[PDB]
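> How does the following fold in three dimensions:
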Amino acid sequence: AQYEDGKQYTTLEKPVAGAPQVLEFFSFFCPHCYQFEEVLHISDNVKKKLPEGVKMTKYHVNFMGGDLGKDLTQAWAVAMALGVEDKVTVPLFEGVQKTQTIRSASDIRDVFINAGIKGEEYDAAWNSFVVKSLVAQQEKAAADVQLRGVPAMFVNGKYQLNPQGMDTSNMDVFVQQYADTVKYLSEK
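Numbers count the residues shown, from 1 in each chain. The relevant structure is shown in the block below.
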């Protein structure tokens, strides 16, 4: 065929019932994740090719960066709760990997303050049970697919993207291949 299992994607031996349609995992500590967001804009180009009526989900993971990795999973929960993903994603990536000015939860908090979320509103969110369950959600979804690596994308809890098996000579062509694969898997 043109899309082969084991080539542009792999199939989960253990399919995850009721999973989000398109489910992406990253870490702010993850170097290909930084590329995926800043240079490739993967999430965005996938959305641009997905049919109508398909929700897109993105979760942070704990297994990179120890105590600070977990702080970032909580902050991402806060970001999702306040709907400010698009305002903190870049400063979090650059604060962790570029400038390395993020070394503690207070430094993560600074990013939200400088993006305009109010101190009060961030701390309230940070400490809220709505954020506790959002952290629980992120952990459960990663657990459901026994996740040991990021970036990772899963379609309908059955198929996992395999970027390793796509040409990387041209970044634009890589992105389209990637997105077209998601759309193919989506219509499977």
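
> Helices of this protein, start to end?
Secondary structure of the chain (DSSP state H): helices located at 31-34, 42-47, 66-82, 85-93, 105-114, 119-127, 129-144, 171-186.

> Check those helices for me and report the most buried one.
Using mean count of other C-beta atoms under 10 Å, the stretch among those with the largest mean neighbour count is helix 66-82, at a mean of 20. For the C-beta atoms, the positions are set from N, CA and C on the backbone; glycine is no exception.

> Could I get the contacting residues of the residue nearest to residue 128 when sequence neighbours are not counted?
The shortest distance from residue 128 to any non-neighbouring residue, by C-beta to C-beta, 6 or more residues apart in numbering, is to residue 81 (7.3 Å). Taking C-beta atoms under 8 Å, 6 or more residues apart in numbering, we find residue 81 in contact with 125, 128, 130, 131, 134.

> What about the second one, how many residues nearby?
Around residue 128 sit 14 other residues, with neighbours defined as other C-beta atoms under 10 Å.

> Would you confirm that residue 173 contacts residue 180?
No - Residue 173 is beyond contact range of residue 180, at 10.4 Å (criterion: C-beta atoms under 8 Å).

> Isn't residue 56 up against residue 22?
Yes - Residue 56 is in contact with residue 22 according to C-beta under 8 Å; the separation is 4.7 Å.

> What's opposite the residue nearest to residue 11 when sequence neighbours are not counted in the beta bridge?
Nearest residue to residue 11, sequence neighbours excluded (C-beta to C-beta, 6+ apart): residue 5, at 5.3 Å. Residues in a beta bridge with residue 5, per DSSP bridges, are residue 9.

> residue contacts, the residue nearest to residue 166 when sequence neighbours are not counted?
Spatial nearest neighbour of residue 166, excluding adjacent residues (C-beta to C-beta, 6+ apart): residue 177 at 4.8 Å. Neighbour list for residue 177: 8, 166, 167 [criterion: C-beta under 8 Å, 6+ apart].

> The second one - how many residues pack around it?
Residue 166 is surrounded by 16 other residues when neighbours are defined as other C-beta under 10 Å.

> can you tell me which residues contact it?
8, 174, 177, 178, 181.

> In TSV: these, plus distance to residue 49.
Shown next, in TSV, are the contacts of residue 166 (distance: C-beta to C-beta, whole Å):
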residue	distance to residue 49
8	14
174	14
177	11
178	10
181	10
